[PDB]
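In the block that follows, a single chain appears as structure tokens, in the form deposited in one PDB entry.
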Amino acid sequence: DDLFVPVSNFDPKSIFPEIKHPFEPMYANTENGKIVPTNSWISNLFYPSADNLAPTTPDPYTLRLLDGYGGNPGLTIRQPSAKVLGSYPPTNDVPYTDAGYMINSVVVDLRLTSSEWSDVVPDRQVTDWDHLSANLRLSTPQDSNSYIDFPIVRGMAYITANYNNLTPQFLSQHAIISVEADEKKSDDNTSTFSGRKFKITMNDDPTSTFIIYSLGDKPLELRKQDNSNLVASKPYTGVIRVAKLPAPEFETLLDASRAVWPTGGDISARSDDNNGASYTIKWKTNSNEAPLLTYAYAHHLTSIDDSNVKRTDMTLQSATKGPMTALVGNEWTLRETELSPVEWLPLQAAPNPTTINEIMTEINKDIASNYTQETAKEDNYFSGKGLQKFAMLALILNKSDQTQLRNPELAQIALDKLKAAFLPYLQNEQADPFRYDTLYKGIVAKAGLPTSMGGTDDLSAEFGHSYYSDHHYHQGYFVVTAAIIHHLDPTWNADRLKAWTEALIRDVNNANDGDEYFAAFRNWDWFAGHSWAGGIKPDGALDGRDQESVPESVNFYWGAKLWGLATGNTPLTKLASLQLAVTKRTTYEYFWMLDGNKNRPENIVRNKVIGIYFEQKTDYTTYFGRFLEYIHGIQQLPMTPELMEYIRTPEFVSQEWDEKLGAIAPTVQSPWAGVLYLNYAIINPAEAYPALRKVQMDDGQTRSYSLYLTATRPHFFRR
């Protein structure tokens, strides 16, 4: 079944008040009929940044555009062979003397510019883009016929530059200490080099070697004008490519593929009938005259179908995902053969019979909560956490044929109260209602918009939701809640509930251009294999996209799956399943690290979680302090059957407990205690259960659901 099909083409303007986002893309080609992505690896290209330092990271190359230092402005390349590591000194709370953060140095390894741009700053435009690529054009402001096109594509092994009537200039912030033209050694006092291939070496550490390929009709005549600049002798028209040579044995490989470059790619996806699914990238190229060489991430290697690609040994370090390996082939198919079996409930739906009465006692008390106080918060995020925790209780009481939690009267109250708490959100009457944005084609909360639009004028309001941050996190809670309501009572406000919920899903995860109201895959990256949280940053996301909470991302796709189940939508159910599987794969490659992980140095691996994750850096911390229960606890909520039975493996949970959390858990006097101990129930439910009866609960967690989840472990017993 084709998984890349619309959820619907319902017009969201009938449900949310229309706006045009007040913060426009500055460098976007507005006449191409395409939508500027808000949470993409290409998103920095569309906006200015301080000193133009915002990076765009196709990987293994890091790029900056018209960054202000080092000389004539252009397309700056950094290829980080080595990282800069820093450590947080030991505290009583975090005593382990390992590394805390990983960053990539900001330096011009090599820049493509022009002699004509000595005293003018080029105009720039993103002329076209797709999920996997963007074409960036730089041109002389007075003369649009003097320009360079750069097709910037995920995984590209060379930088490609189509020069038009410009004098090519190559500069570095390192010294260029040798130039070999057309595979000839030159004398030490030679300062001009002519030919169509240039192998250049820098004085950096470790030593960078780059190869420049000139593919135009005329050769290049390059003069070394100082330690760091090679300048052509006249205007040039033609394609120039530059590749980092990772090691001497790969020179013939790079030579052989010099004439073929990627220009973009088309993605498709299908489920099968054997609990598997796949997604395929068909790379677009200039020609098929030579092999396409493309760098792949670690999780690509473990899931790719080897039947139509060849693996090389050619490797370069990615910015923050470990080593990449070049693959030969115009087409990749990635497979996930083990889709999650999780639906609404734990795999063992009924808790151990000796706990039924206790659990029922706790469920009744939790349902007796003031739902308005606990679900009608100032913001959608904490409201959603509350809505979902009570949705769990309506769910298990109304599937009593499975859960054996039988109490018809309480089951009705639980669903009635949930409906009543949810109804204001459905009617867009909550404290922070949504707007449909015609510019970026999504929905945004009111709070972060200008005062004239009823907002606070603070773009950080609602955790940046109004500037497209964190939609998967926030809307996941509402989708799960809506799916549960619609599953238990398909009649209740059905038409509006369907339109509203599917709008929230389409905002985050629309899979088809035929949906004309929503940008496609706002929060999912098919190349990275995970979600991105960070949205629009007016002066640049200086470390690129970010993502912190893996579980709140999981929670969105679980909710999408639940909605698919509730509506009999097999493509939606299967797409969400596929993304959950890819999520699980990349989580253990890059984010939650088992002993033996090869994508990080040992002193980062021992931290067990990566912390706050960026395209350009990682930081073992949180935004509200460095207690272990914070840093690790964020990767443990919301605890749902998906997180507990499929995502968080007992091997990881036990290693993490062993090395970090076991020692501090009994000393935690905060709601994080509830978080750690419900996580603990994965491996030691017998000990977790009495702890959960007494410690504080996270605000998205209930004691009754916690006991239920614990007592449904196959190895639970009483203590």
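The numbering used is simple: start at 1 and walk along the sequence shown. In this text, rigid core is short for the largest set of C-alphas that superpose within 1.5 Å between two forms.
Missing here is the form deposited in another entry; even so, the following discussion is about that form.
Enquirer: If you line up the core, which of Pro538, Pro490, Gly625, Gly514 has a CA that moves 2 Å or more between this form and the one not shown?
Expert: Result of the comparison: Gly625.
Enquirer: Taking the rigid core as reference, does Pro89 move its C-alpha 2 Å or further between this form and the one not shown?
Expert: Result for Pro89: yes, a 2 Å-plus shift.
Enquirer: For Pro671, does the CA position differ by 2 Å or more between this form and the one not shown when the superposition is done on the rigid core?
Expert: No: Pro671 shifts by under 2 Å between this form and the one not shown.
Enquirer: Superposed on the rigid core, does the Cα of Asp187 end up 2 angstroms or more away between this form and the one not shown?
Expert: Superposed on the core, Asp187 moves its C-alpha 2 Å or more between this form and the one not shown.
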